[PDB]
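Protein chains in written order, with PDB author numbering: chain O, 251 to 298; chain F, 152 to 301.
Using N, Cα and C, we set each Cβ at its ideal position, and we do this for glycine too.
For reference, the structure discussed in these notes is given below.
Pasting the structure below:
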């Protein structure tokens with residue numbers, strides 16, 4: 251009558267390494283350039 | 152878009168505008184600072200001058216000055232219509248001193264980029280005060296300079 255300790259069929263065997271982990275995000279942006287500036291509403295020559 | 156095609160087609164003809172300019176603490180829409188700046192980078196190129204008003208201010212004129220409890224955009228637009236009917240009066244009605252659409256430009260605009268004036272009108276009160284106020288020229292002048300009336 252000894253069955254020889256029969257094993258299960260068929261399980262979550264494909265999940266045994268699984269968690270799963272998460273990816274990443276980082277946003278974060280670049281500064282625009284506003285260095286092209288000069289005023290016009292005054293005098294630079296006729297002041298002299 | 153339109154400010155330009157009126158340039159291209161009428162040349163040296165006058166362009167003035169009446170603008171609601173956005174509010175200090177209130178917002179009607181989220182992206183208002185983008186839309187104002189975007190327009191303003193064209194308004195500096197094509198408008199000859201621009202006459203500004205704030206919706207946040209005339210609300211407070213409705214509370215203090217006009218003392219009406221619940222101002223609608225209508226109690227607010229019949230307020231603006233006193234500004235337009237003043238602005239055009241020398242074009243429509245005889246007078247002692249004319250002021251034209253060209254004469255705003257030449258007196259308000261010291262450079263073609265320092266061309267955003269603010270408007271005010273006065274008096275702006277109900278009969279609950281207009282039978283107690285005298286309403287001489289000098290009272291009414293004081294009542295447009297007053298920072299709580301702007």
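**Study point:** beta strand (DSSP E) segment containing residue 170 of chain F, residue limits
**Key:** Position 19 of the second chain, counted from the first residue, corresponds to residue 170 of chain F. It spans 169 to 171 - the beta strand (DSSP E) in which residue 170 of chain F sits, taken as one unbroken run.
**Study point:** Through-space distance from residue 263 of chain F to residue 165 of chain F, alpha-carbon basis
**Key:** Taking the second chain and counting its residues from 1, the one referred to as residue 165 of chain F is at position 14. Taking the second chain and counting its residues from 1, the one referred to as residue 263 of chain F is at position 112. Taking the straight line joining both Cα atoms gives about 13 Å.
Review point. Quick one: is residue 294 of chain F buried, meaning 16 or more other Cβ sit within 10 Å of its Cβ, or exposed?
Key: On the second chain, residue 294 of chain F is found 143 positions in, with the first residue counted as 1. Residue 294 of chain F is buried by the Cβ-count criterion.
Point to revise | Min CB distance residue 299 of chain O to chain F below 8 Å | key: Limits of chain O in this structure are 251 at one end and 298 at the other, which puts residue 299 of chain O out of reach.
Exercise for review: Quick one: give me the first and last residue of the beta strand (DSSP E) that residue 267 of chain F is part of.
Suggested key: The count along the second chain starts at 1 and reaches residue 267 of chain F at position 116. First-last for residue 267 of chain F: undefined, no H or E at that position.
**Study point:** The alpha helix (DSSP H) enclosing residue 159 of chain F, as first and last residue numbers
**Key:** Along the second chain, one-based indexing puts residue 159 of chain F at 8. Run containing residue 159 of chain F: 153 to 161, per the alpha helix (DSSP H) assignment.
Check your understanding: For residue 160 of chain F, which of F:288, F:274 and F:197 has the nearest alpha-carbon?
Key -> Numbered from its first residue, the second chain carries residue 160 of chain F at position 9. Closest option to residue 160 of chain F, Cα to Cα, is F:197.
Check your understanding: Which residues of chain O have a Cβ atom closer than 7 Å to the Cβ of residue 188 of chain F, listed in chain order?
Key -> Counting from 1 along the second chain, the entry for residue 188 of chain F is found at position 37. What residue 188 of chain F touches in chain O: nothing, since even the nearest Cβ is about 13 Å away.
Exercise for review: Identify whether residue 202 of chain F lies in helix, strand or coil by the three-state DSSP scheme.
Suggested key: Along the second chain, one-based indexing puts residue 202 of chain F at 51. Note: residue 202 of chain F maps to strand in three-state DSSP.
Exercise for review: Measure the C-alpha to C-alpha separation of residue 243 of chain F and residue 179 of chain F and round it to an integer number of angstroms.
Suggested key: As a first step, residue 243 of chain F is located in the second chain; it is residue number 92 there, counting from the start. As a first step, residue 179 of chain F is located in the second chain; it is residue number 28 there, counting from the start. Computed Cα separation, rounded: 35 Å.
Check your understanding: Any contact of the region 181 to 193 of chain F with the region 243 to 253 of chain F, i.e. 3+ C-beta pairs under 8 Å?
Key -> no
Practice item. In angstroms with no decimal places, state the Cα-to-Cα distance between residue 268 of chain O and residue 260 of chain O. Key: On the first chain, position 18 is the one that residue 268 of chain O refers to. On the first chain, position 10 is the one that residue 260 of chain O refers to. Rounded to the nearest angstrom, the two C-alpha atoms are 17 Å apart.
Exercise for review: Classify residue 295 of chain F as helix, strand or coil using the three-state DSSP reduction.
Suggested key: Here residue 295 of chain F refers to the residue found at position 144 of the second chain. Helix.
Exercise for review: Please report how far the alpha carbon of residue 240 of chain F lies from the alpha carbon of residue 283 of chain O, in whole angstroms.
Suggested key: In the second chain, residue 240 of chain F corresponds to position 89, counting from 1. In the first chain, residue 283 of chain O corresponds to position 33, counting from 1. Rounded to the nearest angstrom, the two C-alpha atoms are 47 Å apart.
Practice item. Determine contact between the region 250 to 259 of chain F and the region 272 to 283 of chain O, defined as no fewer than three beta-carbon pairs at a distance below 8 Å. Key: no
Check your understanding: How would you label residue 291 of chain O, buried or exposed, when you count the other beta carbons within 10 angstroms and need 16 or more for buried?
Key -> Looking up residue 291 of chain O in the first chain gives position 41. When all chains shown are included, residue 291 of chain O counts as exposed.
Exercise for review: Quick one: which unbroken alpha helix (DSSP H) runs of 4-plus residues sit fully inside the region 192 to 237 of chain F? Chain order, please.
Suggested key: 206 to 214
**Study point:** Contacting positions in the region 251 to 279 of chain F - beta carbon closer than 9 Å to chain O
**Key:** 261, 262, 263, 264 and 265
Point to revise | is_contact[residue 191 of chain O, chain F] using C-beta, thresh 8 Å | key: Since the first residue of chain O shown is 251 and the last is 298, residue 191 of chain O is not available in this structure.
Practice item. Report the residue from F:172, F:281 and F:168 whose alpha carbon sits nearest the alpha carbon of residue 206 of chain F. Key: Counting from 1 along the second chain, the entry for residue 206 of chain F is found at position 55. The shortest Cα separation from residue 206 of chain F among F:172, F:281 and F:168 belongs to F:172.
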